[PDB]
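**Q** Right, I'll just put the structure down here and ask away after.
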Amino acid sequence: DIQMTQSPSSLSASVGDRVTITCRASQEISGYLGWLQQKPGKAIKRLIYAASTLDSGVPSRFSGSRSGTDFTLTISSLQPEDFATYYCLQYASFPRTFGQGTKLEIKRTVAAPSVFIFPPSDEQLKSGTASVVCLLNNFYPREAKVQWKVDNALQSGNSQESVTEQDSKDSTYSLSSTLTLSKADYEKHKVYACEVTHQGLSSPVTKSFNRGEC
Amino acid sequence: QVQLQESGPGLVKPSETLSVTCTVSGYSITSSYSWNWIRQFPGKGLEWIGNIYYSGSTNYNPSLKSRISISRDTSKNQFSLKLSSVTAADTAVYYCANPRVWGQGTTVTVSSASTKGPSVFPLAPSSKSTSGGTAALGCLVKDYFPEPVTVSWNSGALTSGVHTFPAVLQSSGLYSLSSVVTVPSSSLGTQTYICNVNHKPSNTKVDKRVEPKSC
Ligand SMILES: CCCCC/C=C\C\C=C/C=C/C=C/[C@@H](SC[C@H](NC(=O)CC[C@H](N)C(=O)O)C(=O)NCC(=O)O)[C@@H](O)CCCC(=O)O
Ligand SMILES: [Zn+2]
Ligand SMILES: [Zn+2]
Ligand SMILES: [Zn+2]
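Heads up: the sequence lines are chains L and H, in that order. Numbers 1 to 214, taken from PDB author numbering, label the letters of the first sequence in order. Numbers 1 to 35, 35A, 36 to 214, taken from PDB author numbering, label the letters of the second sequence in order.
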C-alpha cells in the first residue's frame, strides 16, 4: 500500500518554540495529504488538506508544506492548547493511510505536586477489598514517583498509576495512585502513607493517615 | 453544517458481526462527499476502514475486504459498517467522517465476557485533602467491563477543576478509574457534590454523594 512514515513519535517544546513533524510517503502522492489533530475529549480535527491549505479557523502558526514525497507540519509560536497527537493522512490512493502519529507535549516551568490522600470509604469496606488513593495535583514534568508504605513497610505489586493528559491552560499533569489491599490486610495495619518524589521536590513529601481514627 | 454521530453495541462476541451506524445531520449523504469509517486501536494507531460516496459506490481497505460491508439508508440519512468474523483485535474506537468533520466515535470491545456495571465509592474530602482554601474530593469507579464510562459532577453543573483519569485494567480483567475535583474548602459544609457515573454497555447509571469525613 502507500505507506506514510511519520517522525518523530513524540516531541516536547516550550511555549513560543517551533516544531516540525515530517511524513514521508513510500511513493508519489502528489499533494494529496492532510494533517489531523487529536486533543483529549475532542473529536479529531482536520488542520490542513492538499498539503498546504489551512482550514478556516485554524491559527496561522500551523503550516503545511511539501518537497517531493516529504511532507512537513510546522507549528510555530507554540501555545499550551497545542498539546495533542498529530497525524498525517494520504488520500492519493486507496486505501487511505495514516502516519503513526506524533505526541506533542508543551514545556513549562518545573512545578512540584501538591499531594492529597483518601482512605477507603465505609461502603467499600463492606466488600473484601480496600482501596487507598493518593492524588498528585498540578505538576510538571510528567515523571513522578509514588511509594506506598504500610506500617513503614514498602509496598510493591499492589498499586496502579493513572496520569491525566496535559492541561490545555497551565500545561500541568495530575496523577492518581491506587493501592489495592484485601480488607483482612487493611484492618491488620495502622499507618498508611504515600511518599512522593518529583524533580520539583527537594525532599520526599509524605501524606499519611491512621486507620479507623475518629 | 454537517454533524456526525456514531452508534453501536459496545460489546460483541468473537466470530460474530460488529455493526456500527453513523447518523448524519445538516446535510444529505446523497449530495456530495465520501462518507468514511475509521478506527483507532488501544495502541493509538489509526486505520481507514472504507467509504461510501454520495453515489452509493463503496471502497474497502484491502486488509479487511473479505469481511466488510458499508451500506446506507438514504431515508434515514445514515450509513453503516458491518465487520464479520471479529476477534479481540477488532477492539477499537469507531469513527465516521466526511472529508473534514469526524464524529466523536463509539467504543466497541470484542470479548466472550459478559458486561459488568461499576461500583462507585466516595473519595471524601478531609483535612488530608485540603490546602490553602482548596479541597479535593472524588469518586472511585471500580470493576466495570467493557469501556467506557462517562463521569459527570452534579449532573453536569460542575466542570471546573474536574479530572477524570484514564481507566486502568486491573489484574481481575475489570476496569477502574477515579474522578476527582478541586473545590473551595469553604463550600464543603454547604455545597452538595455528587458524581454521576454512566456505563452504557451494562445500562448502569449510578449517582454517588460525596460528603466530608464525619470523623
Ligand atoms: C479523504 C477523506 C478521508 C477521511 C477524513 C480523514 C482525513 C482528512 C484529511 C484530508 C482530507 C482531504 C480532502 C480533500 C478533498 S478537498 C476538500 C473537501 N472537498 C471535497 O471533497 C469536494 C466536494 C465538492 N462538492 C466538490 O466536489 O467540488 C472538503 O473537505 N469539503 C467540505 C469542507 O471543507 O467542509 C478532495 O480533494 C479529496 C476528497 C476525496 C474523498 O472524499 O474521498
Ligand atoms: Zn499486611
Ligand atoms: Zn502492621
Ligand atoms: Zn486541576
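Note that CB positions come from ideal geometry on N, CA and C, so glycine has one too.
What does residue 133 of chain L touch in chain H if you count any residue whose Cβ is under 8 Å from its own?
**A** Within chain H, the residues near residue 133 of chain L are 122, 137, 139 and 177.
**Q** Cβ atoms of residue 82 of chain H and residue 69 of chain H: under 7 Å apart, would you say?
**A** No; because the gap between Cβ atoms is not below 7 Å, this pair is not in contact.
**Q** Three or more beta-carbon pairs under 8 Å between the region 86-99 of chain H and the region 198-210 of chain L, yes or no?
**A** no
**Q** In chain L, which residues lie with their C-beta within 9 Å of the C-beta of residue 94 of chain H?
**A** Close to residue 94 of chain H, with beta-carbon spacing below 9 Å, are these residues of chain L in chain order: 43 and 44.
**Q** Taking CB distances under 7 Å as the criterion, tell me whether residue 96 of chain L reaches chain H.
**A** yes
**Q** Residue range of the alpha helix (DSSP H) that residue 183 of chain L falls in?
**A** 183-186
**Q** Applying a beta-carbon distance threshold of less than 7 Å, which residues of chain L neighbour residue 167 of chain H?
**A** 160 and 162
**Q** Select from the region 81-109 of chain L all residues with a C-beta closer than 9 Å to any C-beta belonging to chain H, and list them in chain order.
**A** 85, 87, 89, 91, 94, 95, 96, 97, 98, 99, 100, 101 and 103
**Q** Which of helix, strand or coil does DSSP assign to residue 55 of chain L?
**A** coil
**Q** Measure the CB-CB distance between residue 155 of chain L and residue 85 of chain L and report whether it falls below 7 Å.
**A** no
**Q** Distance check for residue 46 of chain H and residue 30 of chain L, CA to CA, integer angstroms please.
**A** 21 Å
**Q** Three Cβ pairs or more, each shorter than 8 Å: is that satisfied between the region 174-182 of chain L and the region 93-101 of chain L?
**A** no
**Q** May I have the straight-line CA-CA distance separating residue 22 of chain H from residue 75 of chain H, to the nearest angstrom?
**A** 10 Å
**Q** With DSSP as the reference, label residue 125 of chain L as helix, strand or coil.
**A** helix
**Q** As a quick check of your reading: which residues have a C-beta less than 7 Å from at least one non-hydrogen atom of ligand 3, in chain order?
**A** L:150, L:151, L:188, L:189 and L:190
**Q** Quick check: what's the CA-CA separation for residue 58 of chain H versus residue 80 of chain H?
**A** Cα-Cα distance, rounded: 12 Å.
**Q** Below 6 Å, is the gap between the Cβ of residue 60 of chain H and the nearest heavy atom of ligand 1?
**A** no
**Q** Does the region 106-115 of chain L touch the region 146-159 of chain H, meaning 3 or more C-beta pairs lie closer than 8 Å?
**A** no
**Q** Hey, residue 109 of chain H and residue 14 of chain H are a contact pair by Cβ (cut 8 Å); roughly how many whole angstroms apart?
**A** 6 Å
**Q** Going by the C-beta, is residue 41 of chain L closer than 6 Å to any heavy atom of ligand 4?
**A** no
**Q** Can you list, in chain order, the residues of the region 41-54 of chain H whose Cβ is nearer than 9 Å to any Cβ on chain L?
**A** 43, 44, 45, 46, 47, 48, 49 and 50
**Q** Give every residue whose Cβ lies closer than 7 Å to any heavy atom of ligand 4, listed in chain order.
**A** L:137, L:138, L:167, L:174, H:160, H:162 and H:181
**Q** Identify the continuous beta strand (DSSP E) that holds residue 194 of chain L and give its terminal residues.
**A** That run of the beta strand (DSSP E) goes 191-198.
**Q** Can you check DSSP and say which residues form a bridge with residue 46 of chain L?
**A** Beta-bridge pairing by DSSP links residue 46 of chain L to L:36.
**Q** Would you kindly work out how many angstroms separate the C-alpha atoms of residue 72 of chain H and residue 55 of chain H, rounded to a whole number?
**A** 10 Å
**Q** For the region 139-149 of chain L against the region 138-150 of chain H, do three or more pairs of beta-carbon atoms, one drawn from each stretch, fall closer than 8 Å, so that the two count as touching?
**A** Remark: fewer than three beta-carbon pairs, one from each stretch, lie closer than 8 Å, so the region 139-149 of chain L and the region 138-150 of chain H are not flagged as touching.
**Q** Suppose the cutoff is 7 Å on Cβ atoms and the five residues either side in sequence are ignored; what does the same chain contact list for residue 12 of chain L look like?
**A** 105 and 107
**Q** First and last residue of the beta strand (DSSP E) that includes residue 84 of chain L?
**A** 84-90
**Q** What's the C-alpha gap between residue 2 of chain H and residue 27 of chain H?
**A** When rounded, the distance between both Cα atoms is 6 Å.
**Q** Please report the straight-line C-alpha distance between residue 9 of chain L and residue 82 of chain L, rounded to a whole angstrom.
**A** 16 Å
**Q** Under a Cβ-count criterion, where at least 16 other Cβ atoms within 10 Å of its own Cβ denotes burial, should residue 40 of chain H be classed as buried or exposed?
**A** exposed
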